[PDB]
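A single chain, nothing else alongside it, follows as structure tokens in the form deposited in one PDB entry.
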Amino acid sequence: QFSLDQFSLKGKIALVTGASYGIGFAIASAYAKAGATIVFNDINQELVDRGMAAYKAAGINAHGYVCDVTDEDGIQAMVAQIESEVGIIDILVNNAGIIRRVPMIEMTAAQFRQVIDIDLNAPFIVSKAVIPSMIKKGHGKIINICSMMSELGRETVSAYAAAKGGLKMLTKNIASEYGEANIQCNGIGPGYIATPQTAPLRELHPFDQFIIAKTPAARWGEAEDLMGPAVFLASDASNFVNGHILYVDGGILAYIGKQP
């Protein structure tokens, strides 16, 4: 018999990378509310302290670690520390990332490479670090935060689009290579999500008009819109969903757009 318990993360441990604020924090918060124990990392103590205080305020006892996602030795040590202090990571969400907006021909090789390293190579490093214990546990979930840029390009975001396109295919590869070992690796592809940074574009705006017209749902998304889909992909309720990119965009990728 089906049970709604299939969506529950009770007794599972989730690592959400870079989950000190923003989308990662919202996903980790939903995970805790679904029953999970939350672990997270970020690049410095200041960010970790910020995440810890915010989890506490939401009634969550998270476990926070200082670690650079591009540092394999660092991540390996972090996983080992998490396993001794908290337990086996059942669920990994590759959320950490950066974006840069530079015309392609103006972007330095170093800058391009840095975006690739953080947004693509690092999810490989963290996945590699968690998979062996997931196999031994008999079940694992890896959720890669992709983008609409996993599908569509735009001026100024060449490196970001390249890395997210790579992350989409990395997702499908891990699914193929480890699905047999009961690892489900999927993507979440958020639409246009209203963050603190895009707030002036909503001032009582042509950019706001642009987004609303592109979106059948006729609104910006919010971090809260990602919570249900994220919990779904982390849960037993999605055990036969594998190598799939779940777009959460209010219908953008399905829509030609609202024409005048």
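Start at 1 with the first residue shown and count on from there.
Not pictured, yet referred to below: the form deposited with a small molecule bound.
Looking at residue 45, you'd find every heavy atom of it more than 4.5 angstroms from the small molecule in the entry with it bound. The small molecule is not shown here, but in the entry with it bound it comes within 4.5 Å of a heavy atom of residue 23.
Contact between residue 62 and the small molecule in the entry with it bound is not found at the 4.5 Å heavy atom cutoff.
For the chain shown alone, residue 166 is not a contact residue for the small molecule in the entry with it bound, no non-hydrogen atom being within 4.5 angstroms. Taking a 4.5 Å heavy atom cutoff to the small molecule in the entry with it bound, the contact residue among 80, 98, 135, 88 is 98.
Note on the partner interface in the entry with it bound: the residue among 29, 37, 41, 235 having a heavy atom within 4.5 angstroms of the small molecule is 41. Considering the small molecule in the entry with it bound, the lone stretch of 103 to 111, 183 to 191, 127 to 135, 80 to 88 in range is 183 to 191 [heavy atom distance within 4.5 Å].
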